[PDB]
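A single chain comes next, written as structure tokens; it is the form deposited in one PDB entry.
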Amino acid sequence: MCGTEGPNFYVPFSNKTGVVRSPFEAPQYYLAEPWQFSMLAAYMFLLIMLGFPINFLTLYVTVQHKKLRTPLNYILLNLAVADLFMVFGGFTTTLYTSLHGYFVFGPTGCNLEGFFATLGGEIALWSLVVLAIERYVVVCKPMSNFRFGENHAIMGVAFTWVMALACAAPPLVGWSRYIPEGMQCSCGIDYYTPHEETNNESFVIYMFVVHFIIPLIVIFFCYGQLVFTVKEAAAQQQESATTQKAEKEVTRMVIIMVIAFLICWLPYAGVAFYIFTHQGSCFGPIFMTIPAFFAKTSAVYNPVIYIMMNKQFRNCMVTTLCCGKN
């Protein structure tokens, strides 16, 4: 008796006192104080104010600088669009619902907001995976006579969309479901109830293997092989000071990317491992949603790592922000 069930929702609060209401109809101030809903709104405001310009500017400078329109950069533009899906599908809606204290758009808006917020985070995840694969292919050259071109980069972008739909679409047609989560102001996959009608258990396993384990394996493999190949080549050219500088910075960047991924990936593993053990207690609205709470900031720090630290993008944005000069 941890929460209150209803059609299309699970409020993580007991109704033994009779105060629980539908998250589609009335504010959830028994889950959190009104000022804590305000702080949730302030958090959404921070993410919008930093997340929209950085990701929009990534698209804008690509229009004003011909050198950026390389196939190896297509996936980075795909990343910037995905973050805009998170910013407008998720953060903007949540800022609005937050200030009402419940999901005022009803179960239909729940499926829309949940689909587009999940699709945005999914496209971003697989863009990082596809980028790791493309870089591994270009550097480690695992195919004897192969050249990465425009058509290959388009496949890579299309691949992220297929994988993203493979996660975000089934809950709209009866495999798992979208419900309000956490403080009930935004919607997502149901990892909270074993809704046997939609076979929630098998979707969690599918999400865990395909959309959680596999991305980590691919990112670690591709980048490990890449760092190995680069350190191998530099070892054969130690007379070149620039070759050694290039090896050092490639390694430093791979570490940063992998640390950035782990910072977003481990909290889910931690929370899930804590839920696998200790399979006895009730989980507050915050607990199973702490990883998602902090994973939202990836809409800001991913473009900072993959674009603002890209030597080309940086100079083009400086020139664009400086009205043409510098």
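Heads up: residue numbers just count along the shown sequence, starting at 1.
One more form of this protein, deposited with a partner chain bound, exists but is not displayed; see below.
**Q** Using a 4.5 Å heavy atom cut-off, which residue among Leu77, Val250, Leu84, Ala153 comes into contact with the partner chain in the bound PDB entry?
**A** The residue from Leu77, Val250, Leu84, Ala153 that makes the contact is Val250.
**Q** According to a 4.5 angstroms non-hydrogen atom cut-off, is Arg135 in contact with the partner chain in the bound PDB entry?
**A** Flag for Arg135 set to yes.
**Q** Using a 4.5 angstroms cut-off on non-hydrogen atoms, would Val139 count as touching the partner chain in the bound PDB entry?
**A** Flag for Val139 set to yes.
**Q** Using a 4.5 Å heavy atom cut-off, state whether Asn310 contacts the partner chain in the bound PDB entry.
**A** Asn310 belongs to the contact set for the partner chain.
**Q** Is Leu226 a contact residue for the partner chain in the bound PDB entry, using a 4.5 Å heavy atom cut-off?
**A** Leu226: contacts the partner chain in the bound PDB entry.
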